[PDB]
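Take a look at the structure below.
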Amino acid sequence: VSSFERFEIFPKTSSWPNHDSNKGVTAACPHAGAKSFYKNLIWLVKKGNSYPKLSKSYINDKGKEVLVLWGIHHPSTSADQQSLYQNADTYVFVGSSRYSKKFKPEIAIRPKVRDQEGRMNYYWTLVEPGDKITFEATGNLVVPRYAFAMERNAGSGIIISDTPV
Amino acid sequence: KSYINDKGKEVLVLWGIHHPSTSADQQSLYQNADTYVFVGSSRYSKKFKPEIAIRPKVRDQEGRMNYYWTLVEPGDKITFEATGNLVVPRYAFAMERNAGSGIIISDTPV
């Protein structure tokens, strides 16, 4: 890949009226001495004391291929599941003509890493032109906010070095 | 149950998950139904739901057991949690890699 266009596939202000996108921060990702998160993902939480169902989709109007990333939160205790998502025995679904996977969130006290007994797994996929990607969850979904449209160059690579540029 | 790596070098841990033939066999050996098994660490994170069927009888056994393994980094905790169908480790191994070694399949005498 050489070219790169960041666009708001799911805008923050809109597209989540029934869910909240503001308390999704953590101390594991600090910035400027404050609790922050990833700039391309939003940690959806319960709206007040309710996490309604999810049904969101996107269609590729950008022409070229699109790269989409998201995450699944796996809290430590069952109380943490209710405190952030209310509903229990939740499910997360991401589907398209290429991707089809349902994730059952699962709960355990994983070893504390960076002041966090929980874990989050980050996933990615590619969207073909004229293809719809669908999202559906009752909890434990970190929805994409900024996706990427790209075109492959050919002669490029990755170099690991400390050499100055 | 948990273990912390005080051995300094890496540790290899192995265990197993039993999958009985009939649901009666689940109660006869583990009582609880709809059990779950969890093994977790900074490297390993997997929950196994034991699942039950009459697999073909091999060595006088219609059930199956799957054997798993992982590596524990220095200063890392590995946690175990199950309501049944867990074959816990007893003897683990601490190791250091040499370099020039391998595996040879032969009938030649030593």
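Lettering and numbering for the structure tokens are positional, with chains as A, B, ... in the shown order, residues counted from 1 in each chain, and ligands counted from 1 in the shown order.
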* To do: Apply DSSP to the structure's backbone, then extract all residues of segment 47-144 of chain A labelled strand (DSSP E) and return them as a VMD selection string.
  => chain A and resid 56 to 59 65 to 74 92 to 95 100 to 103 119 to 127 132 to 137 142 to 144
* Asked: Hey, what's within 8 Å of segment 2-6 of chain A if we count only C-alpha atoms and toss same-chain stuff fewer than 4 positions away? As a VMD selection string, please?
  -> chain A and resid 146 to 153 156
The selected residues should be written to file as a PDB file, in the first residue's frame (atoms: C-alpha atoms).
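Here's the written file part_13.pdb:
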ATOM      1  CA  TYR A 146     -12.262   6.263  10.747  1.00  0.00           C
ATOM      2  CA  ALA A 147     -11.728   3.772   7.917  1.00  0.00           C
ATOM      3  CA  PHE A 148      -9.266   3.867   5.016  1.00  0.00           C
ATOM      4  CA  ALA A 149      -9.525   3.710   1.229  1.00  0.00           C
ATOM      5  CA  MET A 150      -6.370   2.579  -0.527  1.00  0.00           C
ATOM      6  CA  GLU A 151      -4.735   1.493  -3.769  1.00  0.00           C
ATOM      7  CA  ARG A 152      -1.677  -0.749  -3.971  1.00  0.00           C
ATOM      8  CA  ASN A 153       1.528   0.644  -5.466  1.00  0.00           C
ATOM      9  CA  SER A 156       7.041  -0.822  -1.355  1.00  0.00           C
TER      10      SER A 156
END
Distance-based interface of chain A with chain B, 10 Å, counting only C-alpha atoms, as a PDB file with N, CA, C and O atoms, in the first residue's frame:
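New file part22.pdb:
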ATOM      1  N   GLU A 106     -16.545 -13.232  26.230  1.00  0.00           N
ATOM      2  CA  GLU A 106     -16.267 -14.213  27.267  1.00  0.00           C
ATOM      3  C   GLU A 106     -15.376 -13.595  28.334  1.00  0.00           C
ATOM      4  O   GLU A 106     -14.508 -12.770  28.035  1.00  0.00           O
ATOM      5  N   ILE A 107     -15.601 -14.007  29.580  1.00  0.00           N
ATOM      6  CA  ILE A 107     -15.266 -13.216  30.759  1.00  0.00           C
ATOM      7  C   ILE A 107     -14.355 -14.027  31.675  1.00  0.00           C
ATOM      8  O   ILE A 107     -14.667 -15.179  32.006  1.00  0.00           O
ATOM      9  N   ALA A 108     -13.235 -13.426  32.078  1.00  0.00           N
ATOM     10  CA  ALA A 108     -12.291 -14.031  33.010  1.00  0.00           C
ATOM     11  C   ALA A 108     -11.336 -12.955  33.508  1.00  0.00           C
ATOM     12  O   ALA A 108     -11.225 -11.879  32.913  1.00  0.00           O
ATOM     13  N   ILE A 109     -10.641 -13.264  34.600  1.00  0.00           N
ATOM     14  CA  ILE A 109      -9.710 -12.323  35.234  1.00  0.00           C
ATOM     15  C   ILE A 109      -8.341 -12.584  34.611  1.00  0.00           C
ATOM     16  O   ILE A 109      -7.518 -13.324  35.150  1.00  0.00           O
ATOM     17  N   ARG A 110      -8.092 -11.956  33.464  1.00  0.00           N
ATOM     18  CA  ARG A 110      -6.807 -12.109  32.803  1.00  0.00           C
ATOM     19  C   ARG A 110      -5.733 -11.317  33.551  1.00  0.00           C
ATOM     20  O   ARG A 110      -6.043 -10.337  34.233  1.00  0.00           O
ATOM     21  N   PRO A 111      -4.467 -11.730  33.448  1.00  0.00           N
ATOM     22  CA  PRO A 111      -3.407 -11.063  34.216  1.00  0.00           C
ATOM     23  C   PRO A 111      -3.364  -9.566  33.946  1.00  0.00           C
ATOM     24  O   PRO A 111      -3.491  -9.115  32.805  1.00  0.00           O
ATOM     25  N   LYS A 112      -3.184  -8.795  35.016  1.00  0.00           N
ATOM     26  CA  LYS A 112      -3.237  -7.339  34.926  1.00  0.00           C
ATOM     27  C   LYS A 112      -2.071  -6.832  34.090  1.00  0.00           C
ATOM     28  O   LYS A 112      -0.908  -6.957  34.487  1.00  0.00           O
ATOM     29  N   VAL A 113      -2.385  -6.263  32.931  1.00  0.00           N
ATOM     30  CA  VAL A 113      -1.399  -5.667  32.040  1.00  0.00           C
ATOM     31  C   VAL A 113      -1.785  -4.210  31.839  1.00  0.00           C
ATOM     32  O   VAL A 113      -2.901  -3.917  31.390  1.00  0.00           O
ATOM     33  N   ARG A 119      -9.212  -7.704  28.539  1.00  0.00           N
ATOM     34  CA  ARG A 119      -8.517  -7.764  27.262  1.00  0.00           C
ATOM     35  C   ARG A 119      -9.440  -7.266  26.158  1.00  0.00           C
ATOM     36  O   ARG A 119     -10.664  -7.382  26.255  1.00  0.00           O
TER      37      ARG A 119
END
* **Residue contacts of segment 59-74 of chain B (7 Å, only C-alpha atoms) excluding same-chain residues fewer than 6 positions away, as an MDAnalysis selection string** => chainID B and resid 5 8:21
* Would you kindly return, as a PyMOL selection string, each protein, DNA or RNA residue with an atom no farther than 9 Å from any atom of residue 12 of chain A, considering only C-alpha atoms and excluding same-chain residues fewer than 4 positions away? => chain A and resi 8+16+21+42+145
* To do: Just the helix (DSSP H, G or I) stuff from chain A, please, per backbone DSSP, written as a ChimeraX atom specification.
  => /A:78-85
Could those selected residues go to a file with N, CA, C and O atoms, as a CSV table (one decimal), in the first residue's frame?
chain,number,residue,atom,x,y,z
A,78,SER,N,-18.2,-10.4,35.6
A,78,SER,CA,-19.5,-10.3,35.0
A,78,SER,C,-20.1,-9.0,35.4
A,78,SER,O,-21.0,-8.5,34.7
A,79,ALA,N,-19.7,-8.5,36.6
A,79,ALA,CA,-20.2,-7.1,37.0
A,79,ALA,C,-19.7,-6.1,36.1
A,79,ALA,O,-20.5,-5.1,35.7
A,80,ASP,N,-18.5,-6.2,35.6
A,80,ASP,CA,-18.0,-5.2,34.6
A,80,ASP,C,-18.8,-5.3,33.3
A,80,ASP,O,-18.9,-4.2,32.6
A,81,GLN,N,-19.3,-6.4,32.9
A,81,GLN,CA,-20.1,-6.5,31.7
A,81,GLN,C,-21.4,-5.7,31.9
A,81,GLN,O,-21.8,-5.0,31.0
A,82,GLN,N,-22.0,-5.8,33.0
A,82,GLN,CA,-23.2,-5.0,33.3
A,82,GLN,C,-22.9,-3.5,33.4
A,82,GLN,O,-23.7,-2.6,32.9
A,83,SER,N,-21.8,-3.2,34.1
A,83,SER,CA,-21.5,-1.8,34.3
A,83,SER,C,-21.2,-1.0,33.0
A,83,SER,O,-21.4,0.2,33.0
A,84,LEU,N,-20.7,-1.7,32.0
A,84,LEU,CA,-20.4,-1.1,30.7
A,84,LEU,C,-21.4,-1.4,29.6
A,84,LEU,O,-21.6,-0.5,28.7
A,85,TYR,N,-22.1,-2.5,29.7
A,85,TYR,CA,-23.0,-2.9,28.6
A,85,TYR,C,-24.4,-3.4,29.0
A,85,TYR,O,-25.2,-3.8,28.2
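Reported to one decimal place, the separation of atom CA of residue 73 of chain A from atom CA of residue 87 of chain A is 13.7 Å.
Distance-wise, atom CA of residue 51 of chain A and atom CA of residue 35 of chain B end up 27.9 Å apart.
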